[PDB]
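The structure under discussion appears below in the form of structure tokens.
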Amino acid sequence: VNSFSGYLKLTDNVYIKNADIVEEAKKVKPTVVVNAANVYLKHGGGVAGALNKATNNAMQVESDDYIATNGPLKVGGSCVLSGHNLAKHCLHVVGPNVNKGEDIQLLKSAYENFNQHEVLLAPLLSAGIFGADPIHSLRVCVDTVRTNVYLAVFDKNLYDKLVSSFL
Ligand SMILES: CC(C)(C)C[C@@H](CO)Nc1ncnc2[nH]ccc12
Ligand SMILES: [Cl-]
Numbered sequence: 003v004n005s006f007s008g009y010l011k012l013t014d015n016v017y018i019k020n021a022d023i024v025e026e027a028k029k030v031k032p033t034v035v036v037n038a039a040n041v042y043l044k045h046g047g048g049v050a051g052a053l054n055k056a057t058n059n060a061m062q063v064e065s066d067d068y069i070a071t072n073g074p075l076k077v078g079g080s081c082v083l084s085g086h087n088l089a090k091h092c093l094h095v096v097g098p099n100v101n102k103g104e105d106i107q108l109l110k111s112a113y114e115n116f117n118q119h120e121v122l123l124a125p126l127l128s129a130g131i132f133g134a135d136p137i138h139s140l141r142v143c144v145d146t147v148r149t150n151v152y153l154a155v156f157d158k159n160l161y162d163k164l165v166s167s168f169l
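The deposited numbering applies: residue 3 is where the sequence shown begins, and numbers increase by one.
This is how it looks when you write it as structure tokens:
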């Protein structure tokens, strides 16, 4: 039993809700919140900009030190950093950005990072400003993640389409 509330159950392990991931994180304080990161951990917009703004830029400050030490992530890769005031940890996961010409096949590799964590609050990877089809992202999530994932979908209209079209 966990404190996630109001989710629709899609499969044994995947759950979905129309919600603002920032507000969800602030309410639940999950062990892991997933950020829709880029390889530079530059949190400018979309989910990343929103999560960073909610930390009063502390996520960006921590991320800049991480990159100075380690260099950029790989597309499809991840790193674990602090969750600041939102969660215990933030798993920064880089899905392919179609608007940069990146290989959509890397979306499965990106979701594999979730399997290193028993329970996660997450957005749909590569959706939104990353340019991929959110219906496809949900399918890859369901077919790749085996741990317990709680998906927050910001857009109510898209949420309804994802639910109604879910196989
Ligand atoms: C179409 C969507 C907006 C659902 C695309 C999604 C991509 O992951 N973005 C987000 N998802 C959940 N909470 C969020 N808060 C701020 C941005 C954001
Ligand atoms: Cl977005």
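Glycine included, C-beta positions come from ideal geometry on N, C-alpha and C.
- The beta carbon of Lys76 sits closer than 8 Å to the beta carbons of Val41, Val96 from its chain, once the five residues preceding and following it are set aside; these are given in chain order.
- CA-CA distance, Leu43 to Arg141, rounds to 26 Å.
- Ordered along the chain, residues surrounding ligand 1 are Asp22, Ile23, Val24, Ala38, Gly48, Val49, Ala52, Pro125, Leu126, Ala129, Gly130, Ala154, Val155, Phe156, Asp157, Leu160 [Cβ under 6 Å from any heavy atom].
- The residues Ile18, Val144, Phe168, in chain order, have a CB closer than 7 Å to that of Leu12 in the same chain once the five nearest residues on each side in sequence are set aside.
- The alpha-carbon separation between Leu164 and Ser84 amounts to approximately 30 Å.
- The distance from the Cβ of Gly133 to that of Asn101 is about 4 Å, consistent with a contact at the 8 Å cut-off.
- Where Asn150 is concerned, the enclosing beta strand (DSSP E) starts and stops at 150-155.
- Distance from the CA atom of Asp162 to the CA atom of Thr71, rounded to whole angstroms, is 42 Å.
- Within the segment 114-145, no alpha helix (DSSP H) run of at least 4 residues lies entirely inside it.
- For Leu83, there is no enclosing alpha helix (DSSP H); the enclosing beta strand (DSSP E) covers residues 80-84.
- Taking the CA atoms as reference points, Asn117 sits about 12 Å from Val36.
- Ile18: member of the beta strand (DSSP E) spanning 16-20, first to last residue.
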